[PDB]
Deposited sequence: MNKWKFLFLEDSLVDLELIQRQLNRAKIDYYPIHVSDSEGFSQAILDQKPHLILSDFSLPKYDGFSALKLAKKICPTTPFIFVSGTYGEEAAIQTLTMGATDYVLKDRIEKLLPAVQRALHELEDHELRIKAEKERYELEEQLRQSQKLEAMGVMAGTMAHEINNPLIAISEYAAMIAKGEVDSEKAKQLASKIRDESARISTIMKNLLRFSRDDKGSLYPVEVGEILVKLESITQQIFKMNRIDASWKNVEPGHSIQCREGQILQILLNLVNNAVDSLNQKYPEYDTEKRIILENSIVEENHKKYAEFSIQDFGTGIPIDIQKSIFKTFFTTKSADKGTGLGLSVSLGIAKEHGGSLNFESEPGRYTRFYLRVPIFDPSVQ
């Protein structure tokens, strides 16, 4: 609502006005929270979560020694600055040793602004560091999508080049028949050649598709979950996503290409992060993701179900039937290739599994991959 949140523990309305006047001269955008006792101070820290505490030493019923001791217990990372008129500088330095972040004397109120600015500058710097890491990650991901598109482009080019020669032959033979440049008997021969060139195009593509494409082996389900956790923890941290796990079922193995199963799961996670960042551009308590594994039984067969539930935008009903189609994306093409869900569905079927989803618009989306357990 308001950028900074400042907690003032102060009993003098006159001194509060003096302190605030110095901050307002700087056009600092802060939300003031004023408290004069231990209950208000204790409640305001927990419920309001201030980014900075400014405390008086002497309040009726409350003291800055107790306030500092409470702050070190409840909000250790929050900067705490004393601003008091009850002692000199000799006494004030000692308070820093007690773990105050800074100390401002009321008779030297000009010192308040540098103390506040340093604390705010340090807070911004911490935010700036996380942001630079997020931007670096996004740039790395854009380059990776671009390298993927170039390889697709090279494959489209090579297949077009090997096909155009027989395609030309088809057009010349058809043109000779259509032009009437051939007797009835040559037209049958040319029509035979057209069939052979059409069969050639189908074979060239088959040899190419086989060139562009390991055996399944038993893999422990737990090995997959540890790898998925290990890969996505940093993604959630960079995106400030809260990640919850509800259940696991290791000690069951599946016949899979482990790398391809992890590829499915990673694609769903990427869809969840994009959905979450679109709904919650800043930090929000509802920017959460649920990751679960479970054993499911279907048609008297047991399956390992991997589930990824995000609380982002959900999938609008008009597009929900069209989401596994190749190249379908609602993101601007610069950020979305539309290949994630279609590749994951292809891989899932190759493993004898299924990929399905449930979503309620504006609430959640849950994608789940089921793969049959290998029982020897």
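According to the record, no C-alpha positions are given for deposited positions 214 to 216, 380 to 382, numbered from 1.
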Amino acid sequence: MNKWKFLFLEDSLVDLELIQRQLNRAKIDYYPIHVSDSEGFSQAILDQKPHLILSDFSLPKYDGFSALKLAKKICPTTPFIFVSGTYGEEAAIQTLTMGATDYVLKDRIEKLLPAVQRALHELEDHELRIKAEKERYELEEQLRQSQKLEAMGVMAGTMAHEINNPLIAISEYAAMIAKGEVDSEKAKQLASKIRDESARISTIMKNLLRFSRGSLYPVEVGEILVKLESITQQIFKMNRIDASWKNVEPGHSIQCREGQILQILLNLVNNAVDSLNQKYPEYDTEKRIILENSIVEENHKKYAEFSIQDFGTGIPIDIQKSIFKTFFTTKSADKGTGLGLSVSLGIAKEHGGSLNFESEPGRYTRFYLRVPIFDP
From here on, numbers count along this sequence of modelled residues.
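Per the PDB record, of the two stretches 42 to 50 and 63 to 71, 42 to 50 carries the greater mean B-factor over its C-alpha atoms. Annotation for 120 to 128 versus 166 to 174: the higher mean temperature factor (C-alpha) is found in 166 to 174.
Note on the listed residues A156, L276, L225, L139: the highest Cα temperature factor in the record is that of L276. Considering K148, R257, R108, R288 together, the PDB entry gives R288 the largest C-alpha B factor. In this PDB entry, the Cα temperature factor of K27 sits in the middle third of its chain's modelled residues.
Ranked by Cα temperature factor within the chain, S307 sits in the middle third according to the deposited record. The PDB entry assigns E133 a C-alpha temperature factor belonging to the lowest third of its chain's modelled residues. Per the deposited record, the Cα B-factor of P250 falls in the middle third when ranked against the other modelled residues of its chain. In the PDB entry, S212 places in the highest third of its chain by CA B-factor.
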